[PDB]
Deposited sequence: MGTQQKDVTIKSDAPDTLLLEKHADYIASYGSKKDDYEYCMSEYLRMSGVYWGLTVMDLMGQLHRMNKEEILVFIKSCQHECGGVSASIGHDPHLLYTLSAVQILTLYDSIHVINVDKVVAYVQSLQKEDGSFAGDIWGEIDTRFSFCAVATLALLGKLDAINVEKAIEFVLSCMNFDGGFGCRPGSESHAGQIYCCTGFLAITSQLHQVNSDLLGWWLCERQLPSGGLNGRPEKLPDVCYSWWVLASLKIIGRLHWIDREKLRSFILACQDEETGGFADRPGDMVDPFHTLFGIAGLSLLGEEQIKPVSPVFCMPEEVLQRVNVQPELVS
């Protein structure tokens, strides 16, 4: 029942030139308020540009210097200079470096030692030294290591055992053992199991059902029952469905129309819902969702890594899906 109603005058064509302009100009208030996530913001902007064939409009040399300055003595990478290292921003940094074929700008051996150090006895990962445990971090750890060619650095069976202990009655996955299923965590856990070659442990028909039931009459996807749709679920939900070989279980035309309706025709960018304020986060996940759905003006995107497939082909890191 909770849903949006799309206005008859919502955008209905893809505005690639406006979105590239929006990102290329971005950060030239919520920007200073968001310095605490700056590394991820940069990853969103760069990746959406590259999917649109416009990466060259961004400042490579400036970003490489910034990344090097955000690596701490422990090997971990922070969101911004002087902030504390975290697995979230270490992943964003490695994703950025992979896009730029510049991994050796940072100390890879220390990144690896940082990731290794955060794994717990039960196979879980903490986000940083303060000990928060989330399957988001199991994904961050294995994705970082896969991009670096160092997955063998962690205890992979124990990591699998922990993720699997987070599987629920409905076929999904939550934060931690006992936590309710949520699309964000499902994306993280299916991506993890792709990376570690364990997709046969997923109940693809049951989870695929739960995921396709995220699609509301508006065409948008929510992240769990009885919530409002948000265009970023075009990523979390669709990528998971693609990992598990069930992307055809949603109505692609309806979802495409919802995603287009979230564009701001005057500023460029995508918002969480039609008519809302845009941001670079929803711009990436809108465009990436469209790419999953097969939009010809956008490069094919990796459902596991949320980076152009051509980049992953380059590093030879392409997990088999269902």
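Annotation: deposited residues 1-4, 33-36, 331 are not represented by C-alpha coordinates in the model.
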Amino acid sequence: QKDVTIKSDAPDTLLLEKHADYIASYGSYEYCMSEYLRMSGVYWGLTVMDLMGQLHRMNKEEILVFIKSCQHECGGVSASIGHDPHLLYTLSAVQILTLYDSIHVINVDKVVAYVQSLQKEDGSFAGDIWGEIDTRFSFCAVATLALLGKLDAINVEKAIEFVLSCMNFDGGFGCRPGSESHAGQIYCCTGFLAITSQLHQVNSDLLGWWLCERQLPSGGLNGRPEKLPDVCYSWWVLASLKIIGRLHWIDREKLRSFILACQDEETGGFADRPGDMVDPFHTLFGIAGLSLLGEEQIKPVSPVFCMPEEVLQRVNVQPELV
From here on, numbers count along this sequence of modelled residues.
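Take the two forms, superpose them, and find the largest set of C-alpha atoms that agree within 1.5 Å; that set is the rigid core.
After a core fit, the C-alpha atoms in 8 other deposited structures of this protein lie farther on average from the shown form in one of 62-70 and 29-37, namely 29-37. Between stretches 241-249 and 227-235, the one whose Cα atoms sit farther from the displayed model in 8 other deposited structures of this protein on average is 227-235 (core-aligned, root mean square). Mean CA temperature factor is higher for 101-109 when stretches 101-109 and 82-90 are set side by side in the entry.
When the mean C-alpha temperature factors of 312-320 and 1-9 are read from the deposited coordinates, 1-9 comes out higher. Highest CA B-factor among the listed residues (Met39, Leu290, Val278, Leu46): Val278. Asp122: CA B factor in the middle third of modelled residues in this chain (values from the PDB entry). Among the modelled residues of its chain, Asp251 has a C-alpha B-factor that falls in the middle third, as given in the PDB entry. Ranked within its chain, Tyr31 lands in the highest third, by CA B factor from the PDB record.
The PDB entry assigns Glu161 a C-alpha temperature factor belonging to the middle third of its chain's modelled residues. Ranked by Cα temperature factor within the chain, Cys74 sits in the highest third according to the deposited record.
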